[PDB]
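All remarks here apply to the structure that follows.
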Amino acid sequence: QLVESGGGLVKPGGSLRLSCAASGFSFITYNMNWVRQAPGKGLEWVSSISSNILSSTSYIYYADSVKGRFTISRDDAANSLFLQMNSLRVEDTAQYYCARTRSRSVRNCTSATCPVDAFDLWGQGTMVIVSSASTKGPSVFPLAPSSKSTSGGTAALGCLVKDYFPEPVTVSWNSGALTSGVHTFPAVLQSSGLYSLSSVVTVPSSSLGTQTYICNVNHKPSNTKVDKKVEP
Amino acid sequence: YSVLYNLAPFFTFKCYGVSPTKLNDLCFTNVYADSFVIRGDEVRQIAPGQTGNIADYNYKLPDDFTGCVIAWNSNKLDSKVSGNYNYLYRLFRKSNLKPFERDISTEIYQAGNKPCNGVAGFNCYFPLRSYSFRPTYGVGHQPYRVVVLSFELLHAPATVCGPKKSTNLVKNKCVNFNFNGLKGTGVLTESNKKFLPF
Amino acid sequence: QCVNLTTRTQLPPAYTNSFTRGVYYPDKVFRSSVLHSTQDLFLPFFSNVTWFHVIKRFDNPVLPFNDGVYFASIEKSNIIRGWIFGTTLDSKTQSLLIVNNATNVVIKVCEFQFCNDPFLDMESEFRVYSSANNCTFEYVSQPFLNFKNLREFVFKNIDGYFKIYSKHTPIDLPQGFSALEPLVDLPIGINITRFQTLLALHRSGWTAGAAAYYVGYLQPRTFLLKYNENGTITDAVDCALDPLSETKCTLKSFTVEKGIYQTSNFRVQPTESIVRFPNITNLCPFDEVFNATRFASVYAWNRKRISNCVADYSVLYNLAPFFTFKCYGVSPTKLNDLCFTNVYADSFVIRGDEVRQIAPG
Amino acid sequence: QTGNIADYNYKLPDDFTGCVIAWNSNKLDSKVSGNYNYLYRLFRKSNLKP
Amino acid sequence: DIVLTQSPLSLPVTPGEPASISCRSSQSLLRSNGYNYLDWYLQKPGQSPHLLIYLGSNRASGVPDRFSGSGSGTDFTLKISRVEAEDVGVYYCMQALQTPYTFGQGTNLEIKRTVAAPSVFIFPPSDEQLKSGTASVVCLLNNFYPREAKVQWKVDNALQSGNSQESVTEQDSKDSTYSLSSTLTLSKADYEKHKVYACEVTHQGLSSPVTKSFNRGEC
Ligand SMILES: *[C@@H]1O[C@H](CO)[C@@H](O)[C@H](O)[C@H]1NC(C)=O
Ligand SMILES: *[C@@H]1O[C@H](CO)[C@@H](O)[C@H](O)[C@H]1NC(C)=O
Ligand SMILES: *[C@@H]1O[C@H](CO)[C@@H](O)[C@H](O)[C@H]1NC(C)=O
Ligand SMILES: *[C@@H]1O[C@H](CO)[C@@H](O)[C@H](O)[C@H]1NC(C)=O
Ligand SMILES: *[C@@H]1O[C@H](CO)[C@@H](O)[C@H](O)[C@H]1NC(C)=O
Ligand SMILES: *[C@@H]1O[C@H](CO)[C@@H](O)[C@H](O)[C@H]1NC(C)=O
Ligand SMILES: *[C@@H]1O[C@H](CO)[C@@H](O)[C@H](O)[C@H]1NC(C)=O
């Protein structure tokens, strides 16, 4: 696993297609399983599939939910696996890892139960969302610096980025020239499904009235670039 | 074989067996066409009586074969831009492999004293290993396409023969003939023997 | 679709004799008025052939196909229809199907999902298999067909050839000679380790008439066959049956004159081999070269020559914690079998993924 | 030996009572452009005597 | 199914002393031919989970020798020689049966390093933010340790809940101190009807909580 394809704003009544893109690796003669993660504390195994080399049958091992609305299909020609969902009842967030089963042999495995050794090839790159929220241009809010901290000669200022969607936004100070005090907090999720970001930088108060601080906010999905200057 | 001599740029009879230039007049029986790809200089391992790695546990040839192999180099169709790991070969086995058969079995091979329940543990390994094929590799790592042809002769009638059908039967003349690939010289008369259809 | 039968009566199989049955033509060559000896599969004379009878009797056993089998049947009104050949008789393998229809004979082989009791039933009911998924070879053949008819069949699997032999003659097993001429040599080329016969029932439940059949085995033996001017087999001689036929077959004559003849020898065969341990299997240790506090560098690697000792790959972490021990050349399994001389060991330490660089070429 | 050269260009007899000497030269037999001045026969109606 | 309980899920650990984690399987796993059907998984937050110990009490996948797991019967634990800055990641337990596999509850693994003094920052809403109709005020913590904290908002000495969201970064590679930013948003009508706004921070390393209070009327 080096890169993954799939993941987007898909309605629950639509169809979901997930796949793993691979490279030079023993993929054809290895059993494949899918693992997804919840935003809370804990995971759960979702899917697995064996290979046609070891046996003619596919060794279908499913839980109740994936018999309900999941299916799998191998290719046996390239290093990929196709996962298709006909319906989506309740599936908000999932990571859909591409872990590898550390087992080159099968023994004493029936259609009911079969042991699994371990996993060591988890993969990131698939992110599915069903919030049905569109994207729009970000807004940059300037924050006035203050000298209320422990050091009276240092003032903290920052550009507040609000109403931006989706999460990936790049915030830089003085076009990357300033590297001291740079801090960018991650996104947070509101009741409306939007995102909020707070980035601040600490600068001395002696150079506050002379040095000009201009923040650059770039939003790649919305193709918006806003330059904001911070003044007291 | 006349069109097949120029269809592909294969090696011109680097093997011991049937006459190459006389192959038109060979009415062989029951060929077994096996095609596989190997790596490097493993072509010399596919020989009658040769002892090696592939010839020991993958495909063994008996002392008498009445045939040989055909090999050619293909560094384009069997090689991709990314890693091409679609070929696997067995090197671990409990004992020797009997010829003229394939024993496919994905089982854990044990080397220590303790056994394993299908888990590659401390002393338990796996026989199958992949082939590293890249277009930028050297001569010793190029994928070679090798096909084996067996030309054994049986008492059963030959279902394949060369296109040398002409002339007609001549009676009461001591003439030479090559009927069914058997050269002879004698008269062609009749007799009262009753011949069963088989 | 199949129907289970619970009306079968428990009856252990019976055994009868095979005086002069189980002889055929080992080759299709035409030899007249001569005696020839050939090495081929042959049913031994006075063997122990199993008796099966069906009437109410429903005898349909599943016997493994260890070797070639010989089928005999005192058949009246054509109750028997065919046989089943396969390894496990399921969809996971390819199994041969021999079914005689109303008027013709069809030969088919696919991955049939055979049931527990495959049988047929005018005749318009056929319950032998559910369905077949993928197969390639299908064949159509001409119909082969007080008791008045005797049918003998031989099934062989040599070099992937289904050499089926058929012979029908008008009439316990009768004593006599009957030639088994070959009919169809089908190149099946599949694995066969089990077989089972098929039967057809008549509906009046079901009613079965008086019928019986025999099943035999093929054994590797040398048979002396005497031919006539017409080109047919007359009698067969088994050298391993009794010393009289041994003298007949070694002398290439069916009549043995009074006297003493030297034909063979008596001997016994070994059952094992003996190789004891000469001990002294440890001569030099590799602990000083593989288990040391200080190792040489890559630019200045120590050269150590090891000779006049042994090479034991059993105490220097032979099992190993599955490191990058995979390599091209001589496998460790044959390393002790390899009689190499003057082994060289040079040790050095590297960084990261430089293990790939230590490789020929 | 049987080959394209050995069947159509130059055939060796069953008995030779000797062998040949060969060497490689990529300097005097190769130019900057295509050295296409050497040709070999590939088609023939029958075999060529040694 | 099989339930998994992680008794030491929330505990501060310091470098230089061993830490133990335990998991419990509902079904007995004594059916084994010398191979314990249990393994542990380490999930690094942000890039990918990793494998430390596979089935049985052995080592694979290039795990350092400081990790060691053992157990036979109704007892399972993992032993670490010394935790470091590269050991930040949650742990999970798994058994090798019951093909509808279910993971256990996640841990946190807050390593107890030295205590860092938090820096309380407040950001009053701007004039253009009030003109937009939505007022947002942010209470920021800079270089605070440990990562656990209690952040609340008080408006006219009244607790505010259901409208405050906090965000925390990962451990830095320079000072190894976490930072938390809590953003509180309110409507313009709710903002104009109140004057006193403050945020309070409860810290383990602080004897008493600190509260920064600001009023409306100044820049
Ligand atoms: C055949 O075998 C049965 C039991 O296996 C035995 O009772 C019978 O005597 C045998 N007959 C001959 C002729 O060997
Ligand atoms: C003859 O056999 C074929 C099987 O190949 C079958 O389809 C057909 O129905 C049979 N004929 C009759 C009259 O049953
Ligand atoms: C065999 O038949 C099955 C139908 O059950 C089909 O799914 C499969 O693709 C077939 N395989 C081949 C090699 O034709
Ligand atoms: C045929 O089947 C038997 C038993 O199922 C097995 O022992 C044998 O190896 C098989 N032959 C081949 C060539 O696979
Ligand atoms: C052999 O053939 C001749 C001529 O057809 C015939 O008269 C004779 O009866 C045959 N022999 C036998 C044993 O039938
Ligand atoms: C070990 O070697 C000695 C000779 O050095 C020999 O006498 C002894 O029998 C050997 N041990 C065994 C078990 O063979
Ligand atoms: C190396 O030798 C020492 C003592 O000589 C021993 O304790 C240690 O286990 C040995 N290591 C190996 C890998 O053999």
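Residue numbers (PDB author numbering), protein chains in the order written: chain H, 3 to 234; chain C, 365 to 562; chain B, 14 to 68, 77 to 142, 153 to 176, 185 to 210, 215 to 247, 257 to 413; chain A, 414 to 463; chain L, 1 to 219.
Ideal placement from N, C-alpha and C gives every residue a C-beta, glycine not left out.
Burial state of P140(H) is buried, judged by a 10 Å Cβ sphere holding 16 or more other Cβ atoms.
Contact check for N33(H) and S60(H): beta-carbon distance about 10 Å, past the 8 Å limit, so the pair fails to qualify. With a beta-carbon spacing of about 19 Å, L241(B) and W64(B) fall beyond the 8 Å limit used to define contacts.
In its chain, beyond the 5 residues on either side, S45, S46 have a beta carbon closer than 6 Å to the beta carbon of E281(B).
Here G106(L) is buried, its C-beta having at least 16 other C-beta atoms within 10 Å.
Contacts with chain H at 7 Å (Cβ-Cβ) include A484(C). Relative to ligand 5, the nearest heavy atom lies less than 6 Å away from the CB of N282(B). Proximity to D156(L) across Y145(L), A116(L), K212(L) peaks at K212(L), based on C-alpha coordinates. Within 6 Å of the C-beta of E465(C) there is at least one heavy atom belonging to ligand 4. Within 10 angstroms of the beta-carbon of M153(B) lie fewer than 16 other beta-carbons, which makes it exposed. Of all alpha-carbon atoms in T33(B), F43(B), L56(B), the one lying nearest the alpha-carbon of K557(C) is that of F43(B). Contact with chain H is absent for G526(C), since none of that chain's Cβ atoms lies less than 7 Å from the residue's Cβ. Using a Cβ distance threshold of 7 Å, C538(C) and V551(C) count as a contacting pair. Under the 8 Å Cβ criterion, the stretch 117 to 128 of chain B does not count as touching the stretch 292 to 308 of chain B, having fewer than three qualifying pairs. Relative to the non-hydrogen atoms of ligand 1, the Cβ of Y28(B) comes within a distance shorter than 6 Å of at least one.
With its beta carbon at least 7 Å from every one in chain C, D389(B) lies outside the interface.
When Cβ-Cβ separations below 7 Å define contact, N487(C) makes no contact with chain L. Less than 7 Å separates the beta-carbon of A116(L) from that of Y145(L). Within chain B, no C-beta atom comes nearer than 9 Å to that of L452(C); the closest sits roughly 14 Å away.
Remark: the shortest separation between the CB of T5(L) and any heavy atom of ligand 4 does not fall under 6 Å.
Closer than 7 Å to the CB of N142(L) there is not a single CB belonging to chain C. By the Cβ neighbour-count rule, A419(C) is buried, with 16 or more other Cβ atoms within 10 Å of its own. Just measuring C-alpha positions, the residue of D287(B), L24(B), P225(B), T323(B) sitting nearest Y200(B) is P225(B). For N54(H), the shortest C-beta to heavy atom distance toward ligand 3 is 6 Å or greater.
Segment contact: the stretch 509 to 527 of chain C against the stretch 424 to 432 of chain C, three or more CB-CB distances shorter than 8 Å; contact assigned.
DSSP places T73(H) inside the beta strand (DSSP E), whose first and last residues are 72 to 75. Between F106(B) and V267(B) a beta carbon distance of about 13 Å is seen, past the 8 Å cut, so the two are scored as non-contacting. Remark: C-beta atoms of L270(B) and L54(B) approach each other more closely than 7 Å. In terms of CA proximity to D1(L), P100(L) leads the group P100(L), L130(L), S61(L), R24(L). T202(L) and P209(L) have their C-alpha atoms spaced approximately 5 Å apart.
Checking the 6 Å criterion, the Cβ of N343(B) is within range of a heavy atom belonging to ligand 7. Runs of the beta strand (DSSP E) lying entirely within the stretch 474 to 503 of chain C and spanning at least 3 residues, in chain order: 492 to 494. Secondary structure at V68(H): helix, using DSSP grouped into helix, strand and coil. By the neighbour-count criterion, in which a residue is buried when 16 or more other Cβ atoms sit within 10 angstroms of its Cβ, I210(B) is exposed.
For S148(H), not one C-beta of chain C is nearer than 7 Å to its own C-beta.
Going by beta carbons, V137(L) and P118(L) fall outside the 7 Å limit.
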